[PDB]
Ligand SMILES: *[C@@H]1O[C@H](CO)[C@@H](O[C@@H]2O[C@H](CO)[C@@H](O)[C@H](O)[C@H]2NC(C)=O)[C@H](O)[C@H]1NC(C)=O
Ligand SMILES: *[C@@H]1O[C@H](CO)[C@@H](O)[C@H](O)[C@H]1NC(C)=O
């Protein structure tokens, strides 16, 4: 009745600065008690889609390791964060595996990530040579080469920085404002689980 | 216009399968290039119907279709209706000069 | 949804120039690049200009090469295009359209595939 390892989630959320999506973080959580109920005490969600495990029973269902990812993406691209869904932000920056498991929180932050002149502190990948194998990151910025001539180590005609910045401003309408997205990935194997819900007991 | 010539217009019987042509060179379509089918409302903004020579954009019910063959391509409507009375258009790239557009056929129904 | 607001009609004399915009809703072109096409009276269509606004790499049709220039903003972007030396054979309608693919595999190959959402077009007329 003395719940003590409330898994740290008030920090995976509310961090006040989500990193851009070209280079997403990856926080591994284990060895605590994860009462996901607190998650439902933020703003109404543009998307709460759970794919492997039914969402209401998130208390009692147990785990070995959980993985928390977070980034910021243009609104009408939220749907691209779902297994086997092609498109830019899902084939160049964050590729789910089509045997994925876990849930996908996605809420709105229009008040928190715009400036009257316009933010540019979120850059996403726009060019590469081929798509990504699932669950992989490429923070590197090699000046992309398009034409038959080399770029000589810098940008040039038909050789441009693969990263490109968002423009976030308060005047932008719904569907092009920054939605903050977080993805919880699950997995089960032969290891000390120790990831279960809080016992409902009586003193 | 070194464009994509096709016959000017075809009258419309009600509710059938009608085909429309788009003929060009091998040097501007045949080599690797793709054709593209637009629907145009006279006086308004046109609409896409077919891209990548074969695929079918969402929001378009299966009435429309089309394909390519050798040195030409074509489009087809099943179940003709009066709302389809409009301009039709086919476009592609051009090794010769950038992008090339066809005449547009004024599909009419009587 | 995406809407492409654009200015009203233009009336002027031979040899002059006209500048018209392609006002886009909610302002973020967001790497969706813009194609500028003419509607000749009683005739088909002719592509004129093409601009990928974030990268800023711009191409023009050989017929009007050096006769027309295009610019764009892409953040509350309202990409502008102006045609110079208007004459009798230039009175037409102006359309601007997107490409809807916005990533490198086919956006530097841009002018191949498609143009998704178009605009009402604006009439430009020579005086004669
Ligand atoms: C546009 O795409 C085409 C093909 O989709 C590119 O043309 C060929 O690309 C292959 C790729 O390996 C090359 O081996 C060929 O030499 C290219 N040319 C031809 C005639 O086949 C073309 O490079 C692309 N354009 C840009 C600007 O990247
Ligand atoms: C985030 O944490 C700070 C510090 O406690 C708090 O002031 C703020 O209210 C939290 N965010 C929300 C949405 O409650």
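The first residue you see is number 1, and the count goes up from there.
Structure method, as recorded: electron microscopy, 4.1 Å.
Even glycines carry a Cβ here, placed using N, Cα and C.
Per Swiss-Prot, these features apply:
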DISULFID  A:7-A:32  disulfide bond
DISULFID  A:50-A:103  disulfide bond
DISULFID  A:62-A:196  disulfide bond
DISULFID  A:151-A:159  disulfide bond
CARBOHYD  A:2  N-linked glycosylation site
CARBOHYD  A:14  N-linked glycosylation site
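Nearest by CA distance to residue A:14 (N-linked glycosylation site), out of the disulfide-bonded residues A:151, A:159, A:196, is A:196. Residue A:151 (disulfide bond) sits 42 Å from residue A:103 (disulfide bond), taking the CA atoms of both as reference points. Using a Cβ-Cβ cut-off of under 8 Å to chain C, none of the recorded positions A:7, A:14, A:32, A:151, A:159 qualifies. Checking the recorded positions (A:2, A:7, A:62, A:159, A:196) against residue A:103 (disulfide bond) with a 10 Å Cα-Cα cut-off leaves nothing. If you compare Cα positions, residue A:50 (disulfide bond) sits closest to A:62 out of the recorded positions A:2, A:7, A:32, A:62, A:196.
Rounded to the nearest whole angstrom, the C-alpha distance between residue A:62 (disulfide bond) and residue A:32 (disulfide bond) is 11. Residue A:196 (disulfide bond) has A:32 as its nearest neighbour among the recorded positions A:2, A:7, A:32, A:159, going by CA to CA distance. Put simply, residue A:159 (disulfide bond) is 46 Å from residue A:7 (disulfide bond) when counted between their Cα atoms. Among the recorded positions listed (A:7, A:14, A:50, A:103, A:151), A:14 have a CB atom closer than 6 Å to some atom of ligand 2, in sequence order. Every protein chain shown contributes to the tally, and the Cβ of residue A:32 (disulfide bond) ends up with 16 other Cβ atoms within 10 Å. A simple way to gauge crowding: the CB of residue A:196 (disulfide bond) has 15 other CB atoms within 10 angstroms, across all the protein chains here.
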